[PDB]
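One chain comes next, on its own, written out as structure tokens in the form deposited in one PDB entry.
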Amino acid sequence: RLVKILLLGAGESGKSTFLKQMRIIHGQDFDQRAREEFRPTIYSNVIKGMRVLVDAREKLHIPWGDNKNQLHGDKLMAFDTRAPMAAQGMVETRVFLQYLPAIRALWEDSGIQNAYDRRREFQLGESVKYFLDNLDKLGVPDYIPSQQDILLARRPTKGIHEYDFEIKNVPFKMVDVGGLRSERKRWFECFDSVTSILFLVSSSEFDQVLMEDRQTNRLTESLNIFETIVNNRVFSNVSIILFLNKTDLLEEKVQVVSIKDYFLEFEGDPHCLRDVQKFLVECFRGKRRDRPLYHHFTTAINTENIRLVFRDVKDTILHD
């Protein structure tokens, strides 16, 4: 009677974002008040992300673009990340504004920028770039996060978030669990009456390592995860749909990095999006041991793209 869909995938694959799209596309959406609650999360993304940047500039021994920015880097590093509000990923507006000037200078520095280009060597979401490039609008006193801002804001998912919605008189329940290794121990609590599983993967994580242990390749982790889910007989009658998310990022990445340097099996033009997308797809099908497998190239932050992709997902699931 109910269509229960589980969103599975390693950390930072796009689950919480997809869930937000459902609310935007089929639910009540986010009114000004509800968007206003993301501001503390957004100012926290920015401050903490920049702190990681100056720290990487130092330890990676990358030189400043301008020495006078050493003072700004000092200001940021002095920010206590473990204080109560900061510990829960939130920063008041008044505090954010005190750091704005320094943050703006640090982001104009070529050293900090070079550090960003090498984020694969550490841990940093490209969503901090989206906000650093929009400091002007986050700065203004009466700033209210846009829909696009809300979608980009990054909040870890420790816990189980459930969202209920309807489409043409059909009740739907989507479940989002965390994807960090430590969070997965809870995945078993949500498998009762599951109709379909949407397996998300950041298609552009081939050059990165896990945040859990900074030594394991991200794609590799995804594949091993998919492997244990897709071959579990208990899910024999469950629809497994594969989402190769962050297509927009892969489109950028293939032009400066080559998947060839991380996965030998690759043969084709590493500078070509279509070639890398097929390799990724084959890699996940290759893990099956048998039931068909449908896949989709998505961009979770793109509302219009998720609108039509889900259209296919709904009809697929509804015809099983």
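Residue numbers here begin at 1 and follow the sequence given. Take the two forms, superpose them, and find the largest set of C-alpha atoms that agree within 1.5 Å; that set is the rigid core.
Form deposited in another entry: not shown, discussed below.
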Core-superposed C-alpha of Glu166 shifting 2 Å or more between this form and the one not shown: no
C-alpha of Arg154 moved at least 2 Å between this form and the one not shown on rigid core: no
Is_shifted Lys253 between this form and the one not shown (CA, 2 Å cut-off, rigid core): no
